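Step one of this worksheet: look at the structure below.
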Amino acid sequence: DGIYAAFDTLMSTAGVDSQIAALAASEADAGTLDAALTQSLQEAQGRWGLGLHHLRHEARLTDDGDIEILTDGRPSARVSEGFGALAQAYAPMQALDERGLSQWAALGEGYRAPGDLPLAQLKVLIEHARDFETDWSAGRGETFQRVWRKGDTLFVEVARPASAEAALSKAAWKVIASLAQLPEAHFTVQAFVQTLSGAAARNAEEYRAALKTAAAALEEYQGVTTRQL
Amino acid sequence: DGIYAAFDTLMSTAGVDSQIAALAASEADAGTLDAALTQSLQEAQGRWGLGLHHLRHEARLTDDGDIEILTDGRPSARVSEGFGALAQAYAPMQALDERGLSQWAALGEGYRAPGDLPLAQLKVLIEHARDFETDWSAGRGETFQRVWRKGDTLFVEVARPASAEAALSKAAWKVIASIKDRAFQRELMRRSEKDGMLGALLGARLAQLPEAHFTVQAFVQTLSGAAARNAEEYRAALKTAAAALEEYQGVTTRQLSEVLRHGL
């Protein structure tokens, strides 16, 4: 019960409302819970901005009542170990630049197109290419963006890097106007990823919409976690 | 004359000089031969126009001195069964449209870009997409053409589908012309007016004929590294492979001819 609750907390930093403790309280089957814990972890991975879209992210129930968080099937950390432990197990996988963006390609080693292509070269990729990835590009509001397709799914990302420490500082002096075991000290909402499927993942107007959508998402979620905090 | 010459004869049908019989006899190192069979076999597949780019091809030596032809790691045929045997092992695997073109994608199931794309749009694909594939379009010289990229290698296919029958027909004409004994030439030329040409020339003496089951129908140029992302390297690639396909068609027609002159 501690363990599901703690997980619920971890996801709360990404504005993900996993409801795992409740769903457990409902006597849901172990498979249903696993599925729920994995869906959430992937949803949070999208928004956390750590840059691990190239690894598989899973979370699963263990016999001793723990949750085990894996990456590419390799047991990375446990929740009963604390939010710090998870932070310290993710770190050697990332690779940030000087603005704080991931340097990995979400599609893995391979060719990466300019972030800045004309929207008509982008439209050709979108309509007639199988897989493809672009790199970051400077967008509005100090955010950055990029797009890739993997399978039947087009992935739009909008990312405005911000460290966890600063958000904590803001909400701290905002509460005084009114920490190592807090996940908000390692995890915050930096990015948002919108997905398109089937016909939509080959439609250029649809990609443009999905940009405006992911951009409005990132700003809402960035704010929600600050108001929780 | 041995299983290596049998494999060498089968490779001449795509105009591949494998040199397998000479390697087997050379002072080379153990294992270099299997590698050679597979190298020669894959090149041959590029030219046969069978449409099997999605399968993996291998040839090895077996425990009883035979050469085994593999598809996706599974035993498909044995060289000693003759070349017809190889033809029908490939058949259930193929899928030809009305024109003689493979209906399979070279990249397996997935999206195929149009084959009639505008050059400005095909370029974007060539400079920035990862793996991609186009459909068959027509090209110049009553040819067809498609292009894919798998990895770091661009694959430019030019094809002019033909039945091995017509190829045998075209080689018969070339021979009944070069004939020295003008009397027998006019005899053949008259039977050819009646019973057909390749008909009347065979009639002076085929399923054992390797070219009866395999023919040069296509060619695949390949680009690597920087050229593979270059749209003008692509347009040149297309002219090279059409010239290649004419060449190897010419080589294999002159070969089948010199084969038809034996037994006259």
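As shown in the structure tokens, the chain order sets the letters A, B, ...; within each chain, residues go from 1, and ligands are also counted from 1 in the order they appear.
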Q: Check every residue of chain A for an atom within 10 Å of chain B, counting only C-alpha atoms, and provide those that qualify as a PyMOL selection string.
A: chain A and resi 110-114+117+120-134+151-152
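Separating CA of residue 173 in chain B from CA of residue 88 in chain B is a distance of 28.0 Å.
For range 80-150 of chain A, the set of residues given strand (DSSP E) by DSSP on the backbone reads residues 132, 133, 137, 138, 144, 145, 146, 147, 148, 149 and 150 of chain A.
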Take the residues that were just selected and, keeping C-alpha atoms, output them as an mmCIF file, in the first residue's frame.
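Wrote it out as again29.cif, contents follow:
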```
data_model
loop_
_atom_site.group_PDB
_atom_site.id
_atom_site.type_symbol
_atom_site.label_atom_id
_atom_site.label_comp_id
_atom_site.auth_asym_id
_atom_site.auth_seq_id
_atom_site.Cartn_x
_atom_site.Cartn_y
_atom_site.Cartn_z
ATOM 1 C CA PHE A 132 12.582 9.179 -40.018
ATOM 2 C CA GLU A 133 13.826 11.493 -37.271
ATOM 3 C CA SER A 137 14.820 23.265 -33.470
ATOM 4 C CA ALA A 138 14.292 26.600 -31.716
ATOM 5 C CA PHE A 144 12.297 23.383 -28.705
ATOM 6 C CA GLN A 145 10.711 20.775 -30.918
ATOM 7 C CA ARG A 146 11.375 17.757 -33.102
ATOM 8 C CA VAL A 147 9.369 15.016 -34.810
ATOM 9 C CA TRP A 148 9.889 11.345 -35.630
ATOM 10 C CA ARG A 149 7.921 8.366 -36.907
ATOM 11 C CA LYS A 150 8.372 4.807 -35.661
#
```
Report the closest atom pair, with its distance in Å rounded to one decimal, for each residue of range 54-128 of chain A that has an atom no farther than 12 Å from range 25-31 of chain A; count only C-alpha atoms, sort by chain and then rising residue number, and write it as CSV.
```
residue,atom,partner,partner_atom,distance
A:59,CA,A:31,CA,11.4
A:60,CA,A:31,CA,8.9
A:61,CA,A:30,CA,7.4
A:62,CA,A:30,CA,9.9
A:63,CA,A:30,CA,10.7
A:65,CA,A:30,CA,11.3
A:67,CA,A:30,CA,11.7
```
Go ahead and write the selection's residues with N, CA and C atoms as a tab-separated table (two decimals), in the first residue's frame.
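New file part_20.tsv:
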```
chain	number	residue	atom	x	y	z
A	59	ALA	N	7.27	-1.10	-15.78
A	59	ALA	CA	7.21	-1.22	-14.32
A	59	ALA	C	6.32	-2.42	-13.96
A	60	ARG	N	6.71	-3.19	-12.94
A	60	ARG	CA	6.05	-4.46	-12.62
A	60	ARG	C	6.04	-4.83	-11.13
A	61	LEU	N	4.97	-5.50	-10.71
A	61	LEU	CA	4.85	-5.99	-9.34
A	61	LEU	C	5.79	-7.17	-9.05
A	62	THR	N	6.44	-7.13	-7.89
A	62	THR	CA	7.25	-8.23	-7.37
A	62	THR	C	6.55	-8.98	-6.20
A	63	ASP	N	7.01	-10.18	-5.86
A	63	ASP	CA	6.37	-10.98	-4.80
A	63	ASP	C	6.38	-10.27	-3.43
A	65	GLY	N	6.09	-7.32	-2.63
A	65	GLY	CA	5.21	-6.17	-2.53
A	65	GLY	C	5.83	-4.87	-2.97
A	67	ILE	N	7.49	-2.43	-6.28
A	67	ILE	CA	7.38	-2.17	-7.71
A	67	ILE	C	8.81	-2.11	-8.26
```
**Q.** Counting only C-alpha atoms, the residue of B:180, B:160, B:53, B:146 that sits nearest residue 237 in chain B
**A.** B:146
Taking only C-alpha atoms into account, produce a table as a tab-separated table in which each residue of range 111-225 of chain B with an atom at most 9 Å from an atom of range 259-263 of chain B appears once, together with its shortest atom pair and the distance in Å to one decimal, ordered by chain and rising number.
```
residue	atom	partner	partner_atom	distance
B:171	CA	B:260	CA	8.1
B:172	CA	B:260	CA	7.3
B:175	CA	B:261	CA	7.0
B:179	CA	B:261	CA	9.0
B:201	CA	B:260	CA	8.1
B:202	CA	B:260	CA	8.0
B:204	CA	B:263	CA	7.8
B:205	CA	B:263	CA	6.0
B:209	CA	B:259	CA	8.7
```
Q: Would you please extract all helix (DSSP H, G or I) residues from range 25-219 of chain B, as assigned by DSSP on the backbone, and give them as a ChimeraX atom specification?
A: /B:25,32-48,79-93,119-128,164-178,182-195,197-202,210-212
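Excluding residue 250 in chain B itself and any same-chain residue fewer than 3 positions from it, the protein and nucleic acid residues within 12 Å of it, counting only C-alpha atoms, are residues 13, 14, 15, 167, 170, 171, 174, 215, 216, 217, 243, 244, 245, 246, 247, 253, 254, 255, 256 and 257 of chain B.
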Output for the residues just chosen: N, CA, C and O atoms as a short mmCIF file (atom, residue, chain, number, x, y, z; two decimals), in the first residue's frame:
```cif
data_model
loop_
_atom_site.label_atom_id
_atom_site.label_comp_id
_atom_site.auth_asym_id
_atom_site.auth_seq_id
_atom_site.Cartn_x
_atom_site.Cartn_y
_atom_site.Cartn_z
N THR B 13 24.27 -17.64 -66.16
CA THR B 13 22.94 -17.25 -66.64
C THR B 13 22.58 -15.82 -66.23
O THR B 13 21.76 -15.18 -66.89
N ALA B 14 23.18 -15.31 -65.16
CA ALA B 14 23.02 -13.90 -64.82
C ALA B 14 24.26 -13.11 -65.23
O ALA B 14 24.37 -11.91 -64.92
N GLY B 15 25.17 -13.77 -65.93
CA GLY B 15 26.39 -13.12 -66.37
C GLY B 15 27.27 -12.83 -65.18
O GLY B 15 27.94 -11.81 -65.10
N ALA B 167 14.10 -15.00 -74.83
CA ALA B 167 15.55 -14.82 -74.78
C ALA B 167 16.24 -15.91 -75.60
O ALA B 167 17.17 -15.64 -76.35
N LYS B 170 15.75 -15.11 -79.30
CA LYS B 170 16.60 -14.02 -79.74
C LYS B 170 18.03 -14.52 -79.96
O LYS B 170 18.78 -13.98 -80.77
N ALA B 171 18.37 -15.58 -79.24
CA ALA B 171 19.68 -16.21 -79.36
C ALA B 171 19.72 -17.19 -80.54
O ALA B 171 20.77 -17.41 -81.15
N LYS B 174 20.23 -15.02 -83.69
CA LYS B 174 21.66 -14.65 -83.82
C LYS B 174 22.54 -15.77 -84.39
O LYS B 174 23.59 -15.49 -84.95
N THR B 215 17.06 -16.04 -66.50
CA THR B 215 17.43 -15.01 -67.46
C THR B 215 17.67 -13.64 -66.80
O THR B 215 17.13 -13.34 -65.74
N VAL B 216 18.53 -12.85 -67.43
CA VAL B 216 18.81 -11.49 -67.00
C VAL B 216 17.61 -10.59 -67.34
O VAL B 216 17.34 -10.32 -68.51
N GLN B 217 16.90 -10.15 -66.31
CA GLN B 217 15.69 -9.36 -66.47
C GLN B 217 15.84 -7.99 -65.86
O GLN B 217 15.03 -7.09 -66.11
N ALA B 243 22.27 0.64 -68.46
CA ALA B 243 23.36 0.33 -69.37
C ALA B 243 23.93 -1.03 -69.02
O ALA B 243 24.25 -1.82 -69.90
N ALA B 244 24.08 -1.27 -67.72
CA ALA B 244 24.43 -2.58 -67.19
C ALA B 244 23.50 -3.68 -67.70
O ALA B 244 23.95 -4.73 -68.16
N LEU B 245 22.19 -3.42 -67.61
CA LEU B 245 21.17 -4.42 -67.89
C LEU B 245 21.16 -4.77 -69.36
O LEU B 245 20.82 -5.88 -69.73
N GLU B 246 21.53 -3.80 -70.19
CA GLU B 246 21.68 -4.01 -71.62
C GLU B 246 22.90 -4.89 -71.88
O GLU B 246 22.83 -5.89 -72.59
N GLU B 247 24.02 -4.51 -71.26
CA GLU B 247 25.27 -5.26 -71.31
C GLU B 247 25.03 -6.73 -70.95
O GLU B 247 25.10 -7.58 -71.82
N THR B 253 23.04 -13.32 -74.01
CA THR B 253 22.46 -13.76 -75.28
C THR B 253 23.57 -14.38 -76.14
O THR B 253 23.34 -15.36 -76.83
N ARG B 254 24.78 -13.82 -76.07
CA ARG B 254 25.89 -14.34 -76.88
C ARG B 254 26.34 -15.70 -76.36
O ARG B 254 26.82 -16.53 -77.13
N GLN B 255 26.19 -15.92 -75.05
CA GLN B 255 26.52 -17.19 -74.38
C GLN B 255 25.56 -18.32 -74.76
O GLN B 255 25.98 -19.40 -75.15
N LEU B 256 24.28 -18.05 -74.61
CA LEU B 256 23.23 -18.99 -74.98
C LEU B 256 23.30 -19.38 -76.46
O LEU B 256 22.96 -20.51 -76.84
N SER B 257 23.73 -18.44 -77.30
CA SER B 257 23.98 -18.70 -78.72
C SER B 257 25.10 -19.72 -78.91
O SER B 257 24.91 -20.74 -79.59
#
```
(Q) Residues within 8 Å of residue 108 in chain A, please, as a ChimeraX atom specification. Count only C-alpha atoms; anything in the same chain fewer than 3 positions from it doesn't count. (A) /A:54,104-105
Q: With a distance cut-off of 6 Å and only C-alpha atoms, select the neighbouring residues of range 41-48 of chain A, excluding the residue or stretch itself and same-chain residues fewer than 2 positions from it, and output the selection as a VMD selection string.
A: chain A and resid 14 38 to 39 50 188 to 193
Go ahead and write the selection's residues with N, CA, C and O atoms as a tab-separated table (two decimals), in the first residue's frame.
```
chain	number	residue	atom	x	y	z
A	14	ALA	N	4.94	14.26	-13.08
A	14	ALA	CA	4.79	14.40	-14.53
A	14	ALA	C	3.35	14.72	-14.89
A	14	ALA	O	2.96	14.61	-16.05
A	38	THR	N	2.80	0.40	-16.14
A	38	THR	CA	3.71	0.51	-17.27
A	38	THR	C	3.24	1.62	-18.19
A	38	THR	O	4.04	2.38	-18.72
A	39	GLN	N	1.92	1.73	-18.34
A	39	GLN	CA	1.30	2.80	-19.12
A	39	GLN	C	1.66	4.16	-18.54
A	39	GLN	O	2.09	5.06	-19.26
A	50	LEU	N	14.07	13.32	-19.89
A	50	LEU	CA	15.36	12.77	-19.51
A	50	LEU	C	16.05	12.26	-20.75
A	50	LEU	O	17.27	12.06	-20.76
A	188	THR	N	10.71	16.64	-12.93
A	188	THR	CA	9.75	17.71	-13.22
A	188	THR	C	9.27	17.62	-14.68
A	188	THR	O	9.83	16.86	-15.48
A	189	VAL	N	8.24	18.39	-15.02
A	189	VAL	CA	7.70	18.37	-16.37
A	189	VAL	C	8.50	19.32	-17.25
A	189	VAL	O	8.44	20.53	-17.09
A	190	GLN	N	9.26	18.75	-18.18
A	190	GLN	CA	10.08	19.56	-19.08
A	190	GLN	C	9.54	19.55	-20.50
A	190	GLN	O	9.76	20.48	-21.26
A	191	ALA	N	8.83	18.49	-20.86
A	191	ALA	CA	8.47	18.27	-22.25
A	191	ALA	C	7.07	17.71	-22.36
A	191	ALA	O	6.45	17.38	-21.34
A	192	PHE	N	6.56	17.64	-23.59
A	192	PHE	CA	5.33	16.91	-23.88
A	192	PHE	C	5.42	16.31	-25.27
A	192	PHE	O	6.02	16.89	-26.17
A	193	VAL	N	4.86	15.12	-25.42
A	193	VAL	CA	4.92	14.38	-26.68
A	193	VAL	C	3.51	14.02	-27.10
A	193	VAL	O	2.77	13.39	-26.34
```
(Q) Quick check, in Å to one decimal: how far apart do CA of residue 6 in chain B and CA of residue 78 in chain B lie? (A) 10.6 Å
Q: Do a neighbour search on range 65-74 of chain B at 10 Å with only C-alpha atoms, toss out local chain neighbours closer than 2 positions, and write the hits as number ranges by chain.
A: B: 2-4, 6-7, 34, 37-38, 41, 52, 54-63, 76-81, 86, 89-90, 93
(Q) Set the distance at 10 Å and use only C-alpha atoms: which residues neighbour residue 229 in chain A once local chain neighbours fewer than 3 positions away are removed? I'd like the list as a ChimeraX atom specification. (A) /A:12-13,167-168,170-172,174-175,184,223-226
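Interatomic distance, CA of residue 1 in chain B to CA of residue 178 in chain B: 28.8 Å.
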